[PDB]
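Now for the letters of each chain:
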There are 2 protein chains.
Amino acid sequence: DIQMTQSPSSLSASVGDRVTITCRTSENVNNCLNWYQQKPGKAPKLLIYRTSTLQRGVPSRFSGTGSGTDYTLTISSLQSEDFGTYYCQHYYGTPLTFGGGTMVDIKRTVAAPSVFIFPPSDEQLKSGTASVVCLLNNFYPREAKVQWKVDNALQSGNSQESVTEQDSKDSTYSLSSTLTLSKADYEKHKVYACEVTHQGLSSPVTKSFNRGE
Amino acid sequence: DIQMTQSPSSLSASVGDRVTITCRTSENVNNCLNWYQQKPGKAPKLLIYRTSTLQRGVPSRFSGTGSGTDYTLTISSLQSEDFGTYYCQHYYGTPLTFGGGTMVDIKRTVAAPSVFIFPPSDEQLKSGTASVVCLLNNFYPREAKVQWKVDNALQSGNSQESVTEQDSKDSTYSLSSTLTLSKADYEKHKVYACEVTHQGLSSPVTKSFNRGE
């Protein structure tokens, strides 16, 4: 029942920077500490075990040090493919415990999202369902909010979002929001709008279309 | 390990007839034999246990006898609600084994099925799915075969069937066969037919319709 605190909780640096992540345990874990890198949608990948031993196939720029209640993961030269959430984990007794995680990505200047809205196609409308797609293209940082409005009414519970991983070239993100309705519900409304808020925008951006126009 | 043979496999008698079902075992079962009644779509119901003892709530017209390898289930006066499949089961050691089962229903003259076909409704076609229904109404005996032909092509794996229990009045059965397609697959074909084979029909009967007519 050993508590584990990671610092920082979020981190952003440039390619080639030196990155240090600290893992503090409430009690001495006697070097029984492991480090993992998790990319979105994937299982955590083991980087370091037993404080300092690199796993097979892990690049040498990852190193681990520490003892007692103080442990450190170090990336000597940060690379583009090093984004994700890093976890420490102790195995000194039970229960096995993970740290809260530390999110890492490549730092760049703020880029506002470019917003596009797509009406459902006639082919899908024949199928009895209607999907309205809203695209937020090439923005940074990751934090973004998308709201759907059908005839100026805020929607809830009928949309899903998907985000791409941080691009290796421009270090931006892309996001798609899909509003799913039945054809009957889609046909009894006129205006379909997508409102986007992002710190790169001085004010929310709305893209809308009128059904059948 | 211990094999069990029931005789007969299928049985049809009139109301008030005396029905005798034989359960033969390959080895001595030592009177550790039970009898079950199973209605269609339901779990087996224990009728008699330990060769001869009736379960509470079982009418006295059911009786079980036998010893060694020969056992008998007797219905002194068959009633209409006695339809179903009857199983014997031994528990003299393991593995526990059941008999093959004996189907019982009320005897009557052969009745040919009245076949109807129903196209999918407009309300369902708007929803994006198409269900075509073929009805076999008031037939006897139970054995019947239904085949779906879409543009004269035999269909497989896209239909389900449901049967009513034997009617208390006329002792007939009714069956529905539902062919489920997507709206797209349904719209790319013209002729939809169900072909029915039954002993009451001198030749197979085909009911069909042309989509959009």
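Residues numbered from 1 in each chain as written, not as in the entry; some residues may be left out. Chains lettered and ligands numbered in written order. Heavy atoms only, no water.

- Method-wise, the PDB entry is recorded as coming from X-ray crystallography, at a reported resolution of 2.46 Å.

**Considering the environment of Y36 of chain B**
All names here are of chain B.
And then number 1: Here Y36 is to be found in strand β4 (residues 33-38).
And then number 2: Using a relative accessible area of 16% as the deciding quantity, one classes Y36 as buried.
And then number 3: Between the C-alpha atom of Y36 and that of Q166, which follows or precedes it by 130 residues, the distance is 19 Å.
And then number 4: Beyond its immediate chain neighbours, meaning those up to four positions away, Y36 contacts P44, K45, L46, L47, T85, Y86, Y87, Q89 and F98.
And then number 5: Looking at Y36, its side chain comes within polar contact range of the side chain of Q89, at 2.7 Å. (Helix = DSSP H or I, 4+ residues; strand = E, 2+ residues; numbered from the N terminus. Buried < 20%, exposed > 50% of the residue type's maximum accessible area, 1.4 Å probe, protein only. Contact = heavy atoms within 4.5 Å. Polar contact = N/O pair within 3.5 Å; in protein donor to acceptor, adjacent residues only side chain to side chain.)

**A look at the sheet that holds strand β8 (residues 70-75) of chain A**
Residue and element names in this part refer to chain A.
And then number 1: With respect to topology, four strands assemble into an open sheet ordered β1-β3-β8-β7, the strand pairing being antiparallel. Each of the sheet's edge strands pairs with one partner strand only, and the pair in question is β1 (4-7) and β7 (62-67). Across the sheet, the axes of successive neighbouring strands diverge by a mean angle of 15 degrees, strand direction being ignored.
And then number 2: Examined bridge by bridge, β7 and β8 share six bridges and lie antiparallel to one another. Across the sheet, residue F62 finds its bridge partner in β8, namely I75. (Pairing = 2+ DSSP bridges. Axes fitted to C-alpha atoms, helices over the stretch in contact; angles between N-to-C directions.)

**A word on the packing of aromatic side chains**
And then number 1: Applying the stated criterion across every chain, the model contains 11 aromatic pairs over all chains.
And then number 2: Between the aromatic rings of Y186 of chain A and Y192 of chain A, the centroid separation amounts to 4.9 Å while the plane-to-plane angle is 35 degrees, which identifies the pairing as tilted. Each member of the pair, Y186 of chain A together with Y192 of chain A, is buried.
And then number 3: Ring geometry for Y36 of chain B against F98 of chain B: centres 5.9 Å apart, planes inclined by 50 degrees, an arrangement best described as tilted. Of this pair, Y36 of chain B sits in strand β4 while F98 of chain B sits in strand β10 (residues 97-98), and the two are 62 residues apart along the sequence.
And then number 4: Residue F98 of chain B is classed as partly exposed on the basis of its relative accessible area of 46%.
And then number 5: Looking at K39 of chain A, its charged tip hangs above the ring of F83 of chain A, at a distance of 3.4 Å from the centre. (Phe/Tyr/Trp six-rings, centres within 6.5 Å; stacked < 30°, edge-to-face > 60°. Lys NZ or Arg CZ within 6 Å of the ring centre and 35° of its normal.)

**Considering the state of the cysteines**
Residues and elements named next belong to chain B.
And then number 1: Summed over the entire model, instances satisfying the criterion amount to four disulfides over all chains.
And then number 2: The disulfide bridge from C23 ends at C88, spanning 2.0 Å between sulfur atoms. Handedness of the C23-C88 disulfide follows from its S-S torsion of about 80 degrees: it is right-handed. Of this pair, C23 sits in strand β3 (residues 19-25) while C88 sits in strand β9 (residues 84-90), placing them 65 residues apart in sequence. Take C23 and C88: they sit in the same class, and that class is buried.
And then number 3: Disulfide pairing is shown between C134 and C194; the S-S distance is 2.0 Å. Taking the sign of the S-S torsion, about 80 degrees here, the bridge from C134 to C194 comes out right-handed. One end of the pair, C134, is in strand β13 (residues 129-139); the other, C194, is in strand β18 (residues 191-197), with 60 residues separating them in the sequence.
And then number 4: Overall, the relative accessible area of 0% leaves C194 in the buried class.
And then number 5: Here the bonded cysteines of chain A are numbered in sequence order, and their pairing is 1-2, 3-4. (Disulfide = S-S within 2.5 Å.)

**Brief notes about the domain arrangement of chain A**
Residue and element names in this part refer to chain A.
And then number 1: The assigned domain composition of chain A is domain 1 (4-106) and domain 2 (114-210).
And then number 2: For domain 1 versus domain 2, the separation of C-alpha centres amounts to 35 Å.
And then number 3: The junction of domain 1 with domain 2 conceals about 540 Å² of combined surface from both sides, 42% of it contributed by carbon and sulfur atoms.
And then number 4: By the criterion of area lost to domain 2, the three top residues of domain 1 are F83, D105 and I106, representing 68% of everything that side buries.
And then number 5: The tally of links from domain 1 across to domain 2 stands at zero salt bridges.
And then number 6: Inspection of the region where domain 1 meets domain 2 yields five residue pairs in polar contact.
And then number 7: Of the residues contributing to the side of domain 1 that touches domain 2, the split by class is three nonpolar, two polar and one charged. (Domains from an automatic or database assignment. Buried area = accessible area lost by both parts, 1.4 Å probe. Salt bridge = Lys/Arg side-chain N within 4 Å of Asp/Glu carboxyl O. Nonpolar A, V, L, I, M, F, W, Y, C, P; charged D, E, K, R; others polar.)

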